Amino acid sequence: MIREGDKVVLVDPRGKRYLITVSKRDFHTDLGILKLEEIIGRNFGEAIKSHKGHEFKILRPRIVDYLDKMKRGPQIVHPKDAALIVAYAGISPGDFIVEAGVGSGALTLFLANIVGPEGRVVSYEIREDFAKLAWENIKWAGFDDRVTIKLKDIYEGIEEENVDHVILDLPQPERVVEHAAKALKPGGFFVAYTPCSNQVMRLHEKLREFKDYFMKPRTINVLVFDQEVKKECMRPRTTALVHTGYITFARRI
């Protein structure tokens, strides 16, 4: 069922994953040489063995795989932040999303997945090299069909109209507030990710100026604690990622 050119997740015995394109070349590993040609005509769930006899399993790549293994220009918007943006903004299949700060394309890949083949994500970017690398990430993930990158400064305006969500992770989201109020559907969401307290203060004040266009804003911070579970001791993992950014939501009119 797998043909040349298709993408595949190879899982080694230790649980390490390789998101691979099937082709006539021999992939090198910790644990021997895979001949990726042997994968043609196999099914997901079958295995291939390296030259030293270690078994690698073939999985269909999912969004988590693409997200986990893309070329990143550190940092990004993290899974957990993307998650709450989706939840509290209620992003849905079919939604039309404008986003600014395409970066590596991480938030874009996640949002593209949520809106499906019939949703649209339009990403703004001002940095040429980030646009060229994001686009390569989005083609690689197959979202080629639903995402458009505009090499354009969103501060100067939003061309689009009747958008479901404006989602931002750039330095000054306050400079987009006025444009978002025009672009957004009634009941549409303005969403911003900001690492600093200062950015929140500014944004909240701008959103107060635009009380007539937005509902009362909401700013959250998400923490995720991994648990270390064993036979005897169950306890939280000693260190954790405590802070990425704040997320501010505001409903339109």
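All residue numbers are counted from 1 along the displayed sequence.
Problem - Average Cα temperature factor in the PDB entry - higher stretch of 72-80, 102-110 - result: Per the PDB record, 72-80.
* To do: With reference to the PDB entry, specify whether the mean Cα temperature factor is higher for 186-194 or for 31-39.
  => Here the higher of the two C-alpha B-factor means belongs to 31-39.
| Compared with the other modelled residues in the chain, in which third is the CA B-factor of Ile91? | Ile91: CA B-factor falls in the lowest third of its chain.
Relative to the other modelled residues of the same chain, rank the CA B-factor of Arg62 and answer lowest, middle or highest third. It belongs to the lowest third of the chain when residues are ordered by C-alpha B-factor.
**Asked** By its CA B factor, does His165 count among the lowest, middle or highest third of the modelled residues in the chain?
**Response** Tercile = lowest for this residue's CA B-factor.
**Message:** Splitting the chain's C-alpha B-factors into thirds, which one does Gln199 fall into?
**Reply:** Answer is middle: the recorded C-alpha B-factor places it there.
**Prompt:** Of the three thirds of its chain by CA temperature factor, lowest, middle or highest, which one includes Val242?
**Reply:** For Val242, the deposited C-alpha B-factor lands in the middle third.
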